[PDB]
Amino acid sequence: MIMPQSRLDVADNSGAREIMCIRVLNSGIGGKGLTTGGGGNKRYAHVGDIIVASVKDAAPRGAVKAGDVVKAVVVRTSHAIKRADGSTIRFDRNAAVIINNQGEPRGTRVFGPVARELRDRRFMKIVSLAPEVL
Amino acid sequence: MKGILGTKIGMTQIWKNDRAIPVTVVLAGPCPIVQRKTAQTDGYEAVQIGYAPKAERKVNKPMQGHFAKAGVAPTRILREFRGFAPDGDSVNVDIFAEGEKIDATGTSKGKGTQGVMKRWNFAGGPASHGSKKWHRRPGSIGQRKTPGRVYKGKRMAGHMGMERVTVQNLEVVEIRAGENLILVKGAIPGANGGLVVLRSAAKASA
Amino acid sequence: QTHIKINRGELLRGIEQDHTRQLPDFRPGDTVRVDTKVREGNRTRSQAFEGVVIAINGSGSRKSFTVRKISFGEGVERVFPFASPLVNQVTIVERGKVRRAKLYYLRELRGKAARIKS
Amino acid sequence: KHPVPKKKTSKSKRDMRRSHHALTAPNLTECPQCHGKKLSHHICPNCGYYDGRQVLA
Amino acid sequence: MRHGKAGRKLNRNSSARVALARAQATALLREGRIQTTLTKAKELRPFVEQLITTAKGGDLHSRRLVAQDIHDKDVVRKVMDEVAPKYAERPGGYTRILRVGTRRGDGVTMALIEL
RNA sequence: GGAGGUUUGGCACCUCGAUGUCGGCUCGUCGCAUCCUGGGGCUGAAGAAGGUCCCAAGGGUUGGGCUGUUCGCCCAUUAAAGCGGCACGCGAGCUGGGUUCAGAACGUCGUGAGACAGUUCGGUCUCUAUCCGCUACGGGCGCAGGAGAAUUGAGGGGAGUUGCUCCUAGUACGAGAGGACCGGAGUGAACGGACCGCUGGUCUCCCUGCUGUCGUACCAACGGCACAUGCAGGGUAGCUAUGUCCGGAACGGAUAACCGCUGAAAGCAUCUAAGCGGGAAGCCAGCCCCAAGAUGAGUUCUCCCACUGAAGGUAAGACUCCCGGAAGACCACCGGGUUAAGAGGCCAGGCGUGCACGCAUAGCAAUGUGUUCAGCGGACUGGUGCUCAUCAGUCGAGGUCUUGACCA
RNA sequence: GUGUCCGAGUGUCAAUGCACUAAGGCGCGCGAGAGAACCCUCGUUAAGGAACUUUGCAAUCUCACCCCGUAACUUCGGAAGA
RNA sequence: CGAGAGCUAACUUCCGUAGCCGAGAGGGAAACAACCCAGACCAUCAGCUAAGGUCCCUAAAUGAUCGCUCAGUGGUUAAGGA
Ligand SMILES: CC[C@H]1OC(=O)/C=C/[C@H](C)[C@@H](O[C@@H]2O[C@H](C)C[C@H](N(C)C)[C@H]2O)[C@@H](C)C[C@@H](C)C(=O)/C=C/C=C/[C@@H]1CO[C@@H]1O[C@H](C)[C@@H](O)[C@@H](OC)[C@H]1OC
Ligand SMILES: [Mg+2]
Ligand SMILES: [Mg+2]
Ligand SMILES: [Mg+2]
Ligand SMILES: [Mg+2]
Ligand SMILES: [Mg+2]
Ligand SMILES: [Mg+2]
Ligand SMILES: [Mg+2]
Ligand SMILES: [Mg+2]
Ligand SMILES: [Mg+2]
Ligand SMILES: [Mg+2]
Ligand SMILES: [Mg+2]
Ligand SMILES: [Mg+2]
Ligand SMILES: [Mg+2]
Ligand SMILES: [Mg+2]
Ligand SMILES: [Mg+2]
Ligand SMILES: [Mg+2]
Ligand SMILES: [Mg+2]
Ligand SMILES: [Mg+2]
Ligand SMILES: [Mg+2]
Ligand SMILES: [Mg+2]
Ligand SMILES: [Mg+2]
Ligand SMILES: [Mg+2]
Ligand SMILES: [Mg+2]
Ligand SMILES: [Mg+2]
Ligand SMILES: [Mg+2]
Ligand SMILES: [Mg+2]
Ligand SMILES: [Mg+2]
Ligand SMILES: [Mg+2]
Ligand SMILES: [Mg+2]
Ligand SMILES: [Mg+2]
Ligand SMILES: [Mg+2]
Ligand SMILES: [Mg+2]
Ligand SMILES: [Mg+2]
Ligand SMILES: [Mg+2]
Ligand SMILES: [Mg+2]
Ligand SMILES: [Mg+2]
Ligand SMILES: [Mg+2]
Ligand SMILES: [Mg+2]
Ligand SMILES: [Mg+2]
Ligand SMILES: [Mg+2]
Ligand SMILES: [Mg+2]
Ligand SMILES: [Mg+2]
Ligand SMILES: [Mg+2]
Ligand SMILES: [Mg+2]
Ligand SMILES: [Mg+2]
Ligand SMILES: [Mg+2]
Ligand SMILES: [Mg+2]
Ligand SMILES: [Mg+2]
Ligand SMILES: [Mg+2]
Ligand SMILES: [Mg+2]
Ligand SMILES: [Mg+2]
Ligand SMILES: [Mg+2]
Ligand SMILES: [Mg+2]
Ligand SMILES: [Mg+2]
Ligand SMILES: [Mg+2]
Ligand SMILES: [Mg+2]
Ligand SMILES: [Mg+2]
Ligand SMILES: [Mg+2]
Ligand SMILES: [Mg+2]
Ligand SMILES: [Mg+2]
Ligand SMILES: [Mg+2]
Ligand SMILES: [Mg+2]
Ligand SMILES: [Mg+2]
Ligand SMILES: [Mg+2]
Ligand SMILES: [Mg+2]
Ligand SMILES: [Mg+2]
Ligand SMILES: [Mg+2]
Ligand SMILES: [Mg+2]
Ligand SMILES: [Mg+2]
Ligand SMILES: [Mg+2]
Ligand SMILES: [Mg+2]
Ligand SMILES: [Mg+2]
Ligand SMILES: [Mg+2]
Ligand SMILES: [Mg+2]
Ligand SMILES: [Mg+2]
Ligand SMILES: [Mg+2]
Ligand SMILES: [Mg+2]
Ligand SMILES: [Mg+2]
Ligand SMILES: [Mg+2]
């Protein structure tokens, strides 16, 4: 569960380290890139939901510097996620990974395992770069 | 229309194919056909049938004679199903087939006298930023002088519980025929072991 | 509330037992679940969780165990029902000495020296 | 704050309020093994028998 | 609500609930009968029956399991060597209540508890 | 030219033996001059996105930074971030930031005491609800006999939102880029009900570990106090969300703007003047819940009958009391009450804890191993007559009359 | 509220502190049930972490002793338990 | 009714004038100090009338005759249109 003010850790090498969320969305991956809408009142990003955020600390030398507005997608809840079989997964630390408005990541490689729900939301590009799913 | 009575037993895990699902086990045991109400002799069409036999020593005489018209053992519960005209006795197998939607009606669990934050999802009010309605309290209750009224219908502390509740489009997961059990997808209301009734969907949506 | 004379317990257990499988007795040492996952489109795939077993919960169909790994730097944990069809097989790797049934302290430790005894 | 009642309450409405304070006479019943009366599911105060003699006195 | 919980506070805290149970145990074991309020007697019966069945094991473990609740040694010997072997034949149900009726001061309905 | 009364006002009518005032918070409900959604007309409407007007109030209308703010600005989203009323709704509901009591300081005015609706720090918001009104829960009585149980629904409520994607179909349209109506399939969001199998919360003495100090003679082993659990570590049943399942709907009817059929008054034309058909998230019905104190008191099935002198023993049948209950403040409801598994206990199983005491051994010892998947035990599932539901008591029908029909 | 004097022990760097307790003294002159809403003093809390709000107000968090290490600035003492 | 002041606003304010109210009961105007009728000495289970009325509430013609409006106009305005 992501909410505004919840800092998350970037899952890529785009060159920010920490991004405080500022909105949950409700759009997926469409054929015109990312979708719009879904209703604008949802209040919890779970794994595989897009979420605007302000970058808080970044790396010196970086595509993304500090303070910039960026749409991340989330790959690592501390909260549990539960499959259609009854598995549960949880990760010690929350983590997200920045993107551009087509769903393509903005870093070279994703860093640490991503949830498999990303595969359910046709986020193919992110999950290609990821050392493990689950 | 078609329906039967039974008792909620408990909840469980289940695997249809590989998808784990929560089912609820009702026991819909055989029901005698006590009284066949027809509009030509009762003004409306219905059937009344029984569940959970009662020891004949515990019956009143009038109820022994009510059942005794029908050749039926005393049963602690009788109920009526509108538009329903079976034959013999209402076994649960014959009434249901696996996967069909069935409304599930039972009596909600009585939680007694409940506040507004619990009963109506009220907001609460700060738990530290000054008050002494720290939680719980409904706040204001009306306008002012014009309508001096507080609206009829107004939501308030009260008996949150014990309501009859219907729950729509539950899915028959499985039918054990010779046990008179019946699995239903997801939850039904009640304390365990309360009466409940299973019926055809009130709205057969496409 | 109807008042049948009924064993609620054996009634449940009779339908909860078709859906109960048993596997290798343990609790708290390290383990490898060889699971299927098929979310890969239509084709099927294996995948391997190996971590400490930190808890045992449930019975019959509802029984489920909790295993904890560190994969690529980040800690991971997971709850498998013993009954789950997407859990093909489970093998131990080594028995652990442990004074206690839960091992939630492993969450706070996350070092090499925060191991399980042999 | 400080609610108070408005108009003094009348004799009649007061009595309708007290309409429920009627006391309920105990269902007394005489001891089979003695003279006197005894409360049901208790020992006879006078004799002390609940079936033999149960209390001392 | 208590839609399944079990017990009673007796208008007191945890340690008080506890000493009261332990000490009325000690008394009705010391003395075979006592008279006390009807509530508190219904309270006492399952406690003290559990305890006599603890003492029905014979063993040093059973006597130490009783010694923890009954810290006057002489009652521990009574319940252990005198009373539990007596109830040897009894499948549970080592106590009864009859109700003596109502007290004057507070208008409580007191009762007797014996074995 | 009108309308509405939400603004700044005017006026001074009730209120100075008191009508608490701005903002927030909490609850809401209403209007419609309609922010979204639905149905339309015209369009400088190809398509798509629009403009603007008409009908439409069922529901819905986001979260943050700035300031006491309302407002406004901005962030980032949205189907949309509607406008007002209800003492600028709501302090016997809450705050107390603003402003408006005493302190003090600054600027400005005054020779001075002092001052400005200029500023700045600070500054007591009163346990007990009679009535009406509102949510719950009983008692009495009524319903032309006395009773157990099932019911019809007069008539009352709740619910009512929508986005996105896909198919149709890259078709109609379009030079092209773009790109549909209608119909069909799916998937979320927020909200609601229920539920506790799952994921977790908590479970104040169910199990364990820890310290100090007392105490059980001492050692061992335990208890007490360290909170009203000493602290920590887990935690079953219950209760619960962030957790699960369900929902909004379709079909129907009459309708608003609108669109038409037949068609005159005027041998044309015209949806109307007689007549008829089509048309909305709205009205009625349809879904779920209440309900015959619907004194208009309803129906059906069954039982006891016709007793003795308004009364009294009584039948059918309730209650009192006892024991309890996923029922509850009390009441009430549900179960059992000896032709009895109602609860307790006891036994077996479940689940929680995690290897008890003691003894053996290892080792200077701290401690380690075995016996020991041990020991212990709240609420869980069943059995079992070991304990309590003993004895009893109390109440409870003889059914008015008139008219009409059917029977000897 | 009320001036002066004496005020033991165990442990804890120390102490008249804190916890348990000797002596001594007392359970505070309505009780008993029950385990609704609400209210007061409290314990734990998923995920998030100040989003709350006039203001982080309140409640956390920090906690004693020992060793190491500590800035801008300075009136050379200090800031410093940084 | 006649003026001023006001916006040819006000249950506004200030004068002239008549009447009512103050000090006034009774019938009408659903209700209503001011409007319309009518100034209560007392008593009656008597009669004619005023204003206002005559379908039922609710006393009294579902009165009569020539029309007018098919809008519930009646039972809330205007410029303007038909
Ligand atoms: C009840 C709590 C206090 O409440 C108060 O202080 C409450 C006072 C109320 C609110 C006041 O009334 C208000 O006055 C406004 C100017 C107008 C307002 N409305 C109506 C427009 C009106 O409500 C006060 C002045 C009214 C009366 C009741 C009064 O003078 C009260 C005096 C005493 C009141 C109370 C006295 O409190 C005192 O405070 C000390 C700190 C206490 O230790 C104790 O002193 C012995 C206590 O008693 C004097
Ligand atoms: Mg910038
Ligand atoms: Mg709150
Ligand atoms: Mg008020
Ligand atoms: Mg009004
Ligand atoms: Mg009124
Ligand atoms: Mg924990
Ligand atoms: Mg007050
Ligand atoms: Mg008390
Ligand atoms: Mg035992
Ligand atoms: Mg007054
Ligand atoms: Mg007043
Ligand atoms: Mg309109
Ligand atoms: Mg539109
Ligand atoms: Mg278009
Ligand atoms: Mg609205
Ligand atoms: Mg409003
Ligand atoms: Mg105003
Ligand atoms: Mg106001
Ligand atoms: Mg203030
Ligand atoms: Mg000067
Ligand atoms: Mg300030
Ligand atoms: Mg108070
Ligand atoms: Mg008080
Ligand atoms: Mg009648
Ligand atoms: Mg109806
Ligand atoms: Mg009514
Ligand atoms: Mg469509
Ligand atoms: Mg709910
Ligand atoms: Mg649990
Ligand atoms: Mg010792
Ligand atoms: Mg010990
Ligand atoms: Mg002590
Ligand atoms: Mg002490
Ligand atoms: Mg604990
Ligand atoms: Mg329709
Ligand atoms: Mg028409
Ligand atoms: Mg039609
Ligand atoms: Mg709809
Ligand atoms: Mg009689
Ligand atoms: Mg009862
Ligand atoms: Mg009974
Ligand atoms: Mg007996
Ligand atoms: Mg039983
Ligand atoms: Mg040992
Ligand atoms: Mg317990
Ligand atoms: Mg049992
Ligand atoms: Mg038997
Ligand atoms: Mg000294
Ligand atoms: Mg000392
Ligand atoms: Mg010392
Ligand atoms: Mg001290
Ligand atoms: Mg003294
Ligand atoms: Mg005392
Ligand atoms: Mg507290
Ligand atoms: Mg928390
Ligand atoms: Mg943090
Ligand atoms: Mg805020
Ligand atoms: Mg602050
Ligand atoms: Mg301040
Ligand atoms: Mg503070
Ligand atoms: Mg320097
Ligand atoms: Mg220095
Ligand atoms: Mg320091
Ligand atoms: Mg003028
Ligand atoms: Mg005037
Ligand atoms: Mg004047
Ligand atoms: Mg005068
Ligand atoms: Mg006069
Ligand atoms: Mg007059
Ligand atoms: Mg009038
Ligand atoms: Mg009149
Ligand atoms: Mg007057
Ligand atoms: Mg007058
Ligand atoms: Mg007037
Ligand atoms: Mg006139
Ligand atoms: Mg006349
Ligand atoms: Mg006349
Ligand atoms: Mg008349
Ligand atoms: Mg005109």
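Any read-out appearing in this document is the output of simple, stated calculations on the displayed coordinates, not a laboratory observation. With ideal geometry, Cβ positions are generated from the backbone for all residues, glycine too; neighbour counts draw on all protein chains shown.
For region C:93-118, which positions are more than 25 Å from C:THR44 (Cβ to Cβ), away from chain A (no Cβ under 12 Å) and among the aliphatic types (A, V, I, L, M)? Result: C:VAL98, C:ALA101, C:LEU103, C:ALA113, C:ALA114, C:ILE116.
Restricted to region B:105-148, and to residues there that are loosely packed, with under 15 Cβ neighbours inside 10 Å and among the polar types (S, T, N, Q), the residue that is nearest to the other protein chains (Cβ to nearest Cβ) is B:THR113. All of C:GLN17, C:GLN47, C:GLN1, C:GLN22 fail the test of being farther than 30 Å from A:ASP9 by Cα and surrounded by 12 or more Cβ atoms within 10 Å (Cβ to Cβ), apart from C:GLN1. Does any residue of region D:37-52 turn out to be more than 14 Å from chain E (Cβ to nearest Cβ), under 21 Å from the mean Cα position of the chain (by Cα), without any contact (Cβ under 8 Å) to a residue 60 or more places away in the chain and within 30 Å of E:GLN35 (Cα to Cα)? Within region D:37-52 (the criterion being more than 14 Å from chain E (Cβ to nearest Cβ), under 21 Å from the mean Cα position of the chain (by Cα), without any contact (Cβ under 8 Å) to a residue 60 or more places away in the chain and within 30 Å of E:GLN35 (Cα to Cα)), the answer is no, since none of the residues qualifies. Within the bounds of region B:145-168, is there any residue that is polar (S, T, N, Q), away from ligand 6 (no atom under 16 Å from the Cβ) and not in a loop (DSSP other than H, G, I, E, B)? Yes: region B:145-168 contains one or more residues that are polar (S, T, N, Q), away from ligand 6 (no atom under 16 Å from the Cβ) and not in a loop (DSSP other than H, G, I, E, B). Screening D:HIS21, D:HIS41 for residues that are part of a loop (DSSP other than H, G, I, E, B) and closer than 17 Å to E:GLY101 by Cα leaves exactly one candidate, D:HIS41. The single condition among (1) surrounded by fewer than 17 Cβ atoms within 10 Å (Cβ to Cβ); (2) away from chain A (no Cβ under 14 Å) that B:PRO22 does not meet is (2). B:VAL93 passes all but one of (1) in a helix (DSSP H, G or I); (2) within 14 Å of chain E (Cβ to nearest Cβ); which number fails? Of the numbered conditions (1) in a helix (DSSP H, G or I); (2) within 14 Å of chain E (Cβ to nearest Cβ), the odd one out for B:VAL93 is (2). Restricting attention to region A:29-44 and to residues that are among the small types (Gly, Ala, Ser) and either surrounded by 12 or more Cβ atoms within 10 Å (Cβ to Cβ) or at positive phi (or both), the residue that is nearest to RNA strand G (Cβ to nearest atom) turns out to be A:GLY39.
The residues of region E:29-53 that are within 18 Å of E:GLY92 (Cα to Cα), within 14 Å of chain D (Cβ to nearest Cβ) and within 12 Å of RNA strand F (Cβ to nearest atom), listed by number, are E:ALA41, E:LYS42.
Within region C:50-80, the set of residues being more than 8 Å from chain A (Cβ to nearest Cβ) and not in a strand (DSSP E or B) comprises C:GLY58, C:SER59, C:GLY60, C:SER61, C:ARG62, C:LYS63. Scanning region B:149-178 for residues that are free of Cβ contacts under 8 Å to residues at least 12 places away in the same chain and surrounded by fewer than 15 Cβ atoms within 10 Å (Cβ to Cβ), we see that the one that is farthest from the other protein chains (Cβ to nearest Cβ) is B:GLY153. Restricting attention to region B:120-167, the residues that are under 28 Å from B:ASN192 (Cα atoms) and touching a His at 6+ places or on another chain (Cβ under 9 Å) total 0. In the set (1) touching a residue at least 24 places away in the same chain (Cβ under 8 Å); (2) touching a helix residue (DSSP H, G or I) at 6+ places or on another chain (Cβ under 8 Å); (3) among the hydroxyl-bearing types (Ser, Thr, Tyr), the condition left unmet by E:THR54 is number (1).
When region E:1-28 is filtered for residues that are of a type outside the set (A, V, I, L, M) and either within 14 Å of another protein chain (Cβ to nearest Cβ) or assigned to a loop (DSSP other than H, G, I, E, B) (or both), the ones remaining, listed by number, are E:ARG2, E:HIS3, E:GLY4, E:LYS5, E:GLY7, E:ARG8, E:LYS9, E:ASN11, E:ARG12, E:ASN13.
Restricting attention to region C:57-90, the residues that are buried (at least 17 other Cβ atoms within 10 Å of the Cβ), among the β-branched types (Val, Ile, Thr) and touching a residue at least 24 places away in the same chain (Cβ under 8 Å) add up to 4. Annotation note: Cβ proximity below 6 Å between a residue of region B:114-142 that is closer than 29 Å to B:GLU163 by Cα and in contact (Cβ under 8 Å) with a residue 40 or more places away in the chain and a residue that is among the basic types (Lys, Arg) and more than 16 Å from ligand 10 (Cβ to nearest atom) (sequence gap 6+ or interchain) occurs for B:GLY115/B:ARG136. Might you check whether a residue that is more than 16 Å from RNA strand G (Cβ to nearest atom), within 30 Å of B:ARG176 (Cβ to Cβ), within 14 Å of another protein chain (Cβ to nearest Cβ) and touching a residue at least 60 places away in the same chain (Cβ under 8 Å) occurs anywhere in region B:58-74? Scanning region B:58-74, I find no residue that is more than 16 Å from RNA strand G (Cβ to nearest atom), within 30 Å of B:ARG176 (Cβ to Cβ), within 14 Å of another protein chain (Cβ to nearest Cβ) and touching a residue at least 60 places away in the same chain (Cβ under 8 Å), so the answer is no. Candidates in region E:40-65 are the residues that are more than 13 Å from ligand 10 (Cβ to nearest atom) and within 23 Å of E:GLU114 (Cβ to Cβ); of these, the one that is surrounded by the fewest Cβ atoms within 10 Å (Cβ to Cβ) is E:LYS42.
For (1) of a type in the set (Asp, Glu); (2) within 13 Å of chain A (Cβ to nearest Cβ); (3) out of contact with any strand residue (DSSP E or B) (no Cβ under 9 Å at 6 or more places or on another chain); (4) in a strand (DSSP E or B), each residue gets a yes or a no:
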{"position": "C:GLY14", "(1), (2), (3), (4)": "no, no, no, no"}
{"position": "C:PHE26", "(1), (2), (3), (4)": "no, no, no, no"}
{"position": "C:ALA48", "(1), (2), (3), (4)": "no, yes, no, yes"}
{"position": "C:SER84", "(1), (2), (3), (4)": "no, yes, no, no"}
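Taking the condition of a type outside the set (S, T, N, Q), within 14 Å of chain A (Cβ to nearest Cβ) and either touching a helix residue (DSSP H, G or I) at 6+ places or on another chain (Cβ under 9 Å) or surrounded by fewer than 15 Cβ atoms within 10 Å (Cβ to Cβ) (or both), does B:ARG82 pass? No, not satisfied.
So, B:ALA28, is that one closer than 30 Å to C:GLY14 by Cβ, buried (at least 18 other Cβ atoms within 10 Å of the Cβ) and more than 14 Å from chain A (Cβ to nearest Cβ) or not? Taking the combined requirement at face value, the residue satisfies it.
Scanning region A:11-33 for residues that are part of a strand (DSSP E or B) and near RNA strand F (Cβ under 7 Å from one of its atoms) yields A:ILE22, A:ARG23, A:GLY30, A:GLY31.
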